Amino acid sequence: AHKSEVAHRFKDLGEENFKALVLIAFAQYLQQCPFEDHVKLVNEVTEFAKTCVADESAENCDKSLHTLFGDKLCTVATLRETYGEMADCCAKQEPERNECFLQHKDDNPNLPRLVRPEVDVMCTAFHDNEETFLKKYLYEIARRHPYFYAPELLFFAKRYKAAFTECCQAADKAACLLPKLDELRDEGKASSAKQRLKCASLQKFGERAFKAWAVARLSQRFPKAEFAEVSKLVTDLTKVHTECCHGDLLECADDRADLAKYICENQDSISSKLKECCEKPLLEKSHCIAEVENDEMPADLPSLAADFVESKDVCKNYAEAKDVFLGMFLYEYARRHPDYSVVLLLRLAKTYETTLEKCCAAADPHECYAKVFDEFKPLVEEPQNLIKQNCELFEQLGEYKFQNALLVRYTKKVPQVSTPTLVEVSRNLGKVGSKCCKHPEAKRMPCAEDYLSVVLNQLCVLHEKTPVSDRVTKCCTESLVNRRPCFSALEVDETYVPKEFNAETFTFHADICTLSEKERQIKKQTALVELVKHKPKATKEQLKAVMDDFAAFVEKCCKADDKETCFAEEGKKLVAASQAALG
Ligand code: HEM
Ligand SMILES: CCCCCCCCCCCCCC(=O)O
Ligand SMILES: CCCCCCCCCCCCCC(=O)O
Ligand SMILES: CCCCCCCCCCCCCC(=O)O
Ligand SMILES: CCCCCCCCCCCCCC(=O)O
Ligand SMILES: CCCCCCCCCCCCCC(=O)O
């Protein structure tokens with residue numbers, strides 16, 4: 001509705017947010033134009049918006065947002081010279097014009113990777129002009145990530161602003177700042193990866209699969225909501241997810257805004273944890289509702305045995321509307337289990353489905369599916385035990401040593417993966433342990449699921465078009481519900497031919513003593529991987545012995561008079577003895 005949509009958007013978003021969003025929008029299309037050009041564009045658009053705010057009847061104010069945005073894009077002088085055929089989109093009637101612009105966004109613009117400046121430099125730039133400093137980076141990230149949901153970039157921005165504001169006036173600027181920048185950076189990459197994984201998953205596995213996932217996730221989140229409400233929400237969420245995957249900012253923003261609005265106007269039928277965020281500005285509503293903690297589930301809910309196993313109408317109810325019945329099963333199981341990963345829940349539903357498909361065709365269905373819940377136990381226990389053993393291992397080893405244990409275990413399983421990748425995945429997996437094991441058992445599986453989906457997705461992306469193992473491909477292309485267990489099922493590669501010994505690979509220098517904590521760990525874990533690759537049959541026990549000799553080697557040589565030679569000569573003996581021990 002509204003006479004002037006731009007005026008309406010300006011009034012609701014507020015000038016500052018409007019300007020930041022217009023900047024992101026333009027940067028995501030004019031990925032090659034300079035920052036100053038974008039600033040000029042934003043000011044021009046904002047000044048126009050203001051005329052509309054002052055008067056909805058002002059000239060051009062009644063044009064749609066897409067029309068106005070596309071027109072502005074087409075007034076860019078160097079459009080054809082810089083963007084080639086994208087300039088051809090201007091010859092199209094708006095509707096088709098927007099689609100054309102959308103399809104011309106470059107998800108890999110081949111721009112130089114952003115590098116973190118020195119703390120003193122960053123902080124000083126921040127101080128000299130926070131606005132420009134922040135907007136400059138907002139522009140650099142946006143143009144490198146067209147498709148990254150614009151509003152979400154605004155949330156990251158405000159978090160960076162806070163990080164710099166607090167850390168740049170602290171006693172130990174770097175100690176304060178860097179960890180925060182590391183976190184933001186990681187969350188950013190993860191969010192981007194997550195956004196792509198979800199759309200890729202929708203594409204490959206279909207809408208039904210997404211709806212199943214949605215029923216489970218929404219049910220854990222809103223356990224007190226009726227199934228019909230959850231069902232309605234899954235339909236709306238599927239639409240938002242599908243349209244947001246199409247990529248148009250406005251269409252996606254309006255869909256999310258619509259859903260958030262519906263949710264907020266129906267809190268009594270959805271959850272008691274939404275008050276604080278249903279009071280938030282339109283811009284932040286959906287984002288905040290998306291992070292709302294699970295509502296508390298209804299007290300002493302009955303077992304599902306009655307309706308899904310004991311009832312005489314099980315097969316009758318199932319056959320009449322299979323997906324609806326399975327959806328009900330999933331909703332009842334999930335609302336009761338916020339402690340399960342969504343995929344575990346999907347494996348339980350699939351198991352139930354398979355049994356009903358088999359049993360309902362039997363002469364006497366009930367006799368056949370009577371013990372279906374028994375089939376659930378082993379499925380639930382697998383992740384549960386895996387988390388127990390890993391958190392127990394982590395608690396007795398520490399993050400670093402924990403990563404190293406994973407490093408050796410995975411290298412042995414897939415020795416063909418590149419060393420840098422084995423190190424990175426192992427380290428990241430070590431962190432998920434450090435992060436999730438800090439949660440009580442009740443919240444560990446969902447945590448692991450969320451973080452592992454990131455780490456494993458990244459591994460899969462790297463393996464994609466850089467494959468080295470059919471088994472990794474299998475796990476990466478299999479159903480997302482069988483992804484993690486598939487990786488867990490990898491066995492030691494016994495066909496792996498030991499990698500020839502490379503002297504250079506096992507030669508260390510005094511510089512190792514001056515590297516940062518991170519750089520040092522990476523050098524050691526890198527050498528550890530190469531060690532396992534060269535001696536794949538070396539037992540974890542034999543490896544520890546060599547690791548201890550090495551540990552004593554670096555320590556009992558980094559701090560020992562003027563010696564840049566106790567690495568060369570003492571290293572020669574270490575390598576010689578190790579080759580013997582592992583021979
Ligand atoms: C305006 C606020 C900012 C936002 C919204 C933002 C957002 C992001 C996002 C979403 C990513 C990950 C993208 C990916 O998937 O690769 C990222 C990465 C990164 N950001 Fe920011 N950022 C902001 C400000 C800054 C600032 C002020 C700095 C440095 C002074 C910075 C330095 C970096 C670095 C070094 C990376 C890693 C790049 C890479 O590994 O290729 N960011 N940022
Ligand atoms: C609104 C109700 C939506 C119900 C969705 C059907 C549920 C299907 C459960 C079967 C699980 C399949 C798992 C998978 O897609 O990989
Ligand atoms: C050049 C025109 C720029 C128009 C500004 C784009 C509108 C931003 C919509 C952001 C609202 C997000 C709400 C949500 O996620 O629920
Ligand atoms: C670079 C390739 C690494 C391959 C290792 C498989 C991926 C890790 C399996 C997923 C983690 C499961 C949790 C665990 O460690 O028990
Ligand atoms: C690499 C260290 C991971 C530490 C956390 C334990 C992870 C155990 C796997 C849990 C998987 C949950 C999702 C699923 O149901 O498959
Ligand atoms: C061919 C023999 C090479 C012997 C040197 C092994 C180097 C591997 C370093 C292992 C790192 C262990 C972790 C640590 O001590 O911090």
Side-chain angles (χ1 to χ4, degrees), residues 113 115-123 167 170-183 185-186 394 396-411 418-431 433-434 499 501-535 538 540-582:
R113 219 165 59 173
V115 304
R116 181 186 299 179
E118 284 308 276
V119 174
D120 296 337
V121 175
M122 291 189 264
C123 281
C167 294
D172 191 351
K173 299 182 180 185
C176 173
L177 226 207
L178 290 310
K180 295 178 180 297
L181 295 180
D182 281 1
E183 294 190 6
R185 183 273 311 297
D186 297 324
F394 174 83
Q396 58 189 52
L397 242 56
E399 197 180 75
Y400 181 63
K401 293 182 181 182
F402 179 63
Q403 301 173 324
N404 291 173
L406 282 47
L407 200 55
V408 304
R409 177 163 71 205
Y410 302 143
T411 301
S418 76
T419 297
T421 299
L422 281 166
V423 173
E424 194 63 3
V425 301
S426 293
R427 287 175 64 75
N428 287 168
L429 289 172
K431 296 199 305 303
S434 177
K499 179 174 178 179
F501 170 88
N502 183 299
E504 318 294 356
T505 299
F506 301 98
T507 301
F508 312 77
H509 303 300
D511 70 313
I512 211 292
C513 316
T514 54
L515 276 281
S516 55
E517 241 314 297
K518 178 180 177 182
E519 277 174 341
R520 181 175 304 89
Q521 296 182 179
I522 297 296
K523 194 158 184 59
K524 293 181 178 184
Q525 292 166 151
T526 294
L528 178 53
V529 170
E530 294 298 347
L531 173 61
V532 178
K533 280 182 174 180
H534 174 53
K535 293 297 188 182
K540 70 304 198 307
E541 298 302 289
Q542 296 178 297
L543 292 177
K544 291 187 176 305
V546 171
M547 290 166 84
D548 286 319
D549 285 342
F550 171 84
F553 161 64
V554 297
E555 192 278 357
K556 199 169 183 296
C557 165
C558 271
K559 287 65 175 56
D561 295 355
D562 178 4
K563 298 185 182 64
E564 75 170 62
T565 54
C566 62
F567 269 96
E569 57 187 4
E570 277 292 301
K572 193 172 183 290
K573 74 197 306 73
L574 173 70
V575 169
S578 301
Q579 299 178 76
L582 307 182

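Counting begins at 1 with the first residue of the sequence.
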Smallest heavy-atom separation, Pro179 atom then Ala174 atom, equals CD-O, 3.6 Å
Are any non-hydrogen side-chain atoms of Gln403 and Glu399 less than 4.5 angstrom apart?
-> yes
Interatomic distance, CG@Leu406 vs CG@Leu429, rounded to 0.5 Å, equals 6.0 Å
Residues at least two apart in sequence or cross-chain that pass side chain to side chain contact (heavy atoms under 4.5 Å, CB included) with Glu118, listed by chain then number, are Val121
Would you give me the side-chain donor-acceptor pairs under 3.5 Å for residues 419-427, sequence neighbours excluded?
unit_1, atom_1, unit_2, atom_2, d
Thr419, OG1, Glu530, OE2, 2.6
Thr419, OG1, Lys533, NZ, 2.9
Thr421, OG1, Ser418, OG, 2.8
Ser426, OG, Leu422, O, 2.6

Residues two or more places apart in sequence or in another chain: which of them pass side chain to side chain contact (heavy atoms under 4.5 Å, CB included) with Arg116?
-> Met122, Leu178, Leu181, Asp182, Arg185
Would you say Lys556 has more than 12 foreign heavy atoms packed within less than 6.0 Å of its NZ?
-> no
Counting heavy atoms not belonging to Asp562, are there more than 12 under 6.0 Å from its CG?
-> no
Do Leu531 and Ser578 come within less than 4.5 Å of each other through their side chains, counting heavy atoms only?
-> no
Give a yes or no on whether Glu564 atom CD has more than 12 heavy-atom contacts from other residues, nucleotides or ligands under 6.0 Å away.
-> no
Roughly how far apart are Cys557 SG and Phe550 CZ, rounded to 0.5 Å?
-> 10.0 Å
Determine all donor-acceptor pairs shorter than 3.5 Å in which one atom belongs to a side chain in residues 505-524; sequence neighbours excluded.
unit_1, atom_1, unit_2, atom_2, d
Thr505, OG1, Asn502, OD1, 3.4
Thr507, OG1, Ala503, O, 2.6
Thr514, OG1, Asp511, O, 2.9
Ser516, OG, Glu519, N, 3.2
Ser516, OG, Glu519, OE1, 3.4
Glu517, OE2, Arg520, NH1, 3.2
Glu519, OE1, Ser516, N, 3.4
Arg520, NE, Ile512, O, 3.0
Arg520, NH1, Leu515, O, 3.3
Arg520, NH1, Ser516, O, 3.2
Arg520, NH2, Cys513, O, 3.0
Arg520, NH2, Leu515, O, 2.5

Distance, nearest 0.5 Å, that separates CG of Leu543 from CG of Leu528 = 7.0 Å
Over 12 foreign heavy atoms within 6.0 Å of NZ, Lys401 | no
Residues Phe553 and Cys566: closest non-hydrogen pair is CE1-O, 3.3 Å
What residues, two or more places apart in sequence or in another chain, satisfy salt bridge (charged side-chain N to carboxylate O under 4.0 Å, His left out) together with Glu570?
-> none
Considering residues at least two apart in sequence or located in another chain, which fulfil the ring-ring contact (aromatic ring centres under 6.0 Å, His included) criterion with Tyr410?
-> none
